[PDB]
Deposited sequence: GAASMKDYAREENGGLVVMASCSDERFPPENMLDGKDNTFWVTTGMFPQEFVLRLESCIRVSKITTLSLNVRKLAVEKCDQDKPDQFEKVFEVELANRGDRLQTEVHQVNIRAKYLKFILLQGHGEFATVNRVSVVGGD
């Protein structure tokens, strides 16, 4: 499955900025038309927590206006210590998709928007595949 989804226990717990109109939850409802939006500066981050610490084969994001993005794993069951997974510069316009096949155990996944193409940015979908 995809443990991103609220329904496979997917849950954001440590977002760095929020507007109740576009809450982190909007990243894991599987819809493409809802999103989470940043409220100002950079960087910004948020921490997704999956039901169990699982093997991740592929990670994938749907975003608007993101330029540099970084992702970090934590296989322990308290988000004590994170370890870098990757880092990606993106490009222009107004939706971005990204795919990353990876092979890691993780329980928490941190996503950092390190810089944007504008003043604000959005994340519409986050998908985490593996078992």
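Residues of the deposited sequence lacking C-alpha coordinates fall in the stretches 1-5, 100-101, 139, numbered from 1.
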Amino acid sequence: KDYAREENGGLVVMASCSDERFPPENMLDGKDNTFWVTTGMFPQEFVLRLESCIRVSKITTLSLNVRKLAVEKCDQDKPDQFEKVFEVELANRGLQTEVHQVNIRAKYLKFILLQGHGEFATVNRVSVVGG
From here on, numbers count along this sequence of modelled residues.
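Taking only CA atoms, the mean B-factor in the PDB entry is higher for 79-87 than for the other of 79-87 and 42-50.
Taking the mean C-alpha B-factor of each stretch as recorded, 5-13 and 19-27 are not equal, and the higher mean is that of 5-13.
The PDB entry assigns the greatest CA B-factor among 37, 71, 74, 102 to 102.
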